[PDB]
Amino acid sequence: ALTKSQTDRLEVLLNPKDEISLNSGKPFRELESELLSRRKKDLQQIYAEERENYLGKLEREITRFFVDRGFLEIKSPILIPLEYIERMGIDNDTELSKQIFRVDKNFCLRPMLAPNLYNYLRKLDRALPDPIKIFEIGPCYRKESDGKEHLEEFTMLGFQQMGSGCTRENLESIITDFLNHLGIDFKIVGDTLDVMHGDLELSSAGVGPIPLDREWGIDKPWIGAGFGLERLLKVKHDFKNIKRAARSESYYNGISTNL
């Protein structure tokens, strides 16, 4: 009989498409040696052929989708003024107020893309024709309890359109084309809306105007959404724990690096 500690070790080496059973009559050492051989082989094939990181490749694939749909690619600061958090309405009564990674006295690691996207919408409205379509992909940070669906360091896609054409129908059409392009099953549940894969939230989306817009100098309708890239990878590759998709020293494209 395998110990719990031994089964934990084998599950680190198990990939979703393996057809091995750990309740066999086979000893630990031989199940471990079999899985180690498979995972080394998996890494050798990546190294010999594609050599691309899942998280990097997904960001590039999403970038192409949105650029091709007419959205401007934004790269904005990850380390942001702490004042942005309060100005987002994130006060002490919100869960999120307790999740902020503070840096020095007046800064923090951004937990979301919305402040920077608001600022870009306001500034670009002085220069670009209506409607204004922008998106950003990059690191975001939140303190979280341990859990199979949460990382403290993750990657968010955020997109926003401002001006004409900002209807819930158009928002759902973007989400639907996007996820059908990536090959990810979803349901939209609902002006706020969540994009669900079973019980897992892939995105929260919204339709403006909302009262918060005024604090950011925004006074036009808008639609937008935010997606976690590691949650998309978790669903696409059927990972049991989102740690397999993270920026990590422990996994490469979902393969354990502790071999």
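In case it trips you up, residue 1 is the first one in the sequence shown, and so on.
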{"property": "Continuity check for residue 27 and residue 28, given as deposited residues lacking coordinates between them", "result": "none"}
{"property": "Stretch with the higher entry mean CA B-factor, where the candidates are 84 to 92 and 124 to 132", "result": "84 to 92"}
{"property": "Mean temperature factor over C-alpha atoms, higher-scoring stretch between 238 to 246 and 12 to 20", "result": "12 to 20"}
{"property": "Highest-ranked of 42, 230, 201, 219 once sorted by CA temperature factor in the record", "result": "219"}
{"property": "Per the PDB entry, maximal CA B factor within 73, 177, 104, 152", "result": "104"}
{"property": "CA B-factor ranking of residue 258, expressed as a third of its chain", "result": "highest"}
{"property": "Third of the chain, ranked by Cα B-factor, where residue 60 sits", "result": "lowest"}
{"property": "Third of chain Cα B-factors occupied by residue 206", "result": "highest"}
{"property": "Entry-reported Cα temperature factor of residue 187, expressed as the chain third it lands in", "result": "highest"}
{"property": "Ranked against its chain, the third holding the CA B-factor of residue 173", "result": "middle"}
